[PDB]
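What follows is a short report on a single structure.
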Amino acid sequence: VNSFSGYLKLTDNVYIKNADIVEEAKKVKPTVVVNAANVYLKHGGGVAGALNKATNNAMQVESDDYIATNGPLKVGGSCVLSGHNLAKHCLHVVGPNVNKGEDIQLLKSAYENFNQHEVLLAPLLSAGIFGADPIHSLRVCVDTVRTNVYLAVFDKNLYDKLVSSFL
Ligand SMILES: O=C(O)CCc1nc2ccccc2[nH]1
């Protein structure tokens, strides 16, 4: 049993809810929250800007030190950093940004990072301002992630479309 409430079960391991990932993290304090990161860990907007704002910019301060030491992530890659006030850990995952021309095939590689964690609270990778089709992102998630993933979908309209079109 775990703390996640109000989710619709899509598969053995994938659950979905209409919710702002920030408010969900604040309530649940999951072991792992996933950030929709870029390779520079510049948390300006979208999910990343919202998570970072909720940490009072502590996520950005920690991320800048990580990049100064290690250099940029790979598209499809990840790093584990603090979850600050939102979670034990934040798994920063870089999905391909369609609005930058990145290979959508890298979306599967991005979701593979989730398999290193038994349970996660996450957004749909490469959705929102990253430009991918969220229906596609959900299909890749279900076909790639084998650990237990609780997906928070910000837009109520999109949530209803994801559920009603799910195969
Ligand atoms: O007002 C805020 O602090 C952020 C609101 C918000 N919540 C989000 C969740 C996901 C993506 C962008 C988001 N923007």
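Chain labels A, B, ... are given in the sequence in which chains occur in the structure tokens; within each chain residues are numbered consecutively from 1, and ligands are likewise numbered from 1 in the order shown.
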Leaving out residue 25 (chain A) and any residue of its chain fewer than 3 positions from it, which residues lie within 9 Å of it when counting only C-alpha atoms, given as number ranges by chain? A: 20-22, 28-30, 33, 85-87, 121
Write the residues of the selection above to a file with C-alpha atoms, as a compact mmCIF listing (two decimals), in the first residue's frame.
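What landed in again_22.txt:
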```txt
# COMPACT_ATOMS: atom_id res chain seq x y z
CA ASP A 20 -0.71 19.97 -10.58
CA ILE A 21 2.49 17.87 -9.87
CA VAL A 22 3.66 20.61 -7.33
CA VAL A 28 2.36 13.07 -0.67
CA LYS A 29 6.13 13.83 -0.13
CA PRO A 30 6.94 10.87 -2.40
CA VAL A 33 9.32 13.22 -7.92
CA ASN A 85 10.53 20.38 0.37
CA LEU A 86 8.67 18.34 -2.30
CA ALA A 87 10.06 14.77 -2.10
CA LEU A 121 5.37 10.70 -9.01
```
List as a count of residues only the protein and nucleic acid residues lying within 12 Å of ligand 1, with only C-alpha atoms and all ligand atoms counted. 42
Please identify all polymer residues within 12 Å of residue 136 (chain A), counting only C-alpha atoms, omitting same-chain residues fewer than 6 positions from it, and present them as a list in words. residues 104, 105, 107, 108, 124, 125, 126, 127, 142, 143, 162, 165, 166 and 167 of chain A
Among region 11-133 of chain A, which residues does DSSP mark as alpha helix (DSSP H) when it is run on the backbone? Keep the chain and numbering as in the structure and answer as an MDAnalysis selection string. chainID A and resid 21:28 46:54 58:70 106:112
Near residue 94 (chain A), within 6 Å and counting only C-alpha atoms, which residues show up once chain neighbours fewer than 6 positions away are dropped, as a PyMOL selection string? chain A and resi 37-38+75-77
Using only C-alpha atoms, which residues sit within 12 Å of residue 106 (chain A) once same-chain residues fewer than 5 positions away are excluded, as a list in words?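 Here the qualifying residues turn out to be residues 74, 75, 76, 77, 93, 94, 95, 96, 97, 98, 101, 111, 112, 113, 125, 126, 132, 137, 140 and 144 of chain A.
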Counting only C-alpha atoms, which of A:63, A:13, A:99, A:164 gets nearest to residue 115 (chain A)?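 For residue 115 (chain A), the nearest of the candidates is A:13.
Distances from A:110, A:145, A:79, A:1 to residue 66 (chain A) were compared using only C-alpha atoms, and the smallest one belongs to A:79.
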Enumerate the residues of chain A with a DSSP assignment of strand (DSSP E or B), computed from the backbone, and present them as a ChimeraX atom specification. /A:8-9,14-18,32-36,78-82,89-93,119-122,148-153
Which residue, A:88, A:42, A:100, A:117, has the smallest gap to residue 149 (chain A) when you use only C-alpha atoms?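 Under the stated criterion, the closest residue is A:117.
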Pick from A:14, A:141, A:39, A:135, whichever lies nearest to residue 109 (chain A) using only C-alpha atoms: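 Among the listed residues, A:141 lies closest to residue 109 (chain A).
Coordinates place CA of residue 114 (chain A) at a distance of 18.1 Å from CA of residue 17 (chain A).
Here CA of residue 78 (chain A) is placed at a distance of 25.6 Å from CA of residue 159 (chain A).
Proximity of A:103, A:59, A:7, A:69 to residue 89 (chain A), computed with only C-alpha atoms, is greatest for A:59.
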So the first atom is CA of residue 11 (chain A) and the second is CA of residue 80 (chain A); what is the distance between them in Å, to one decimal place? 26.1 Å
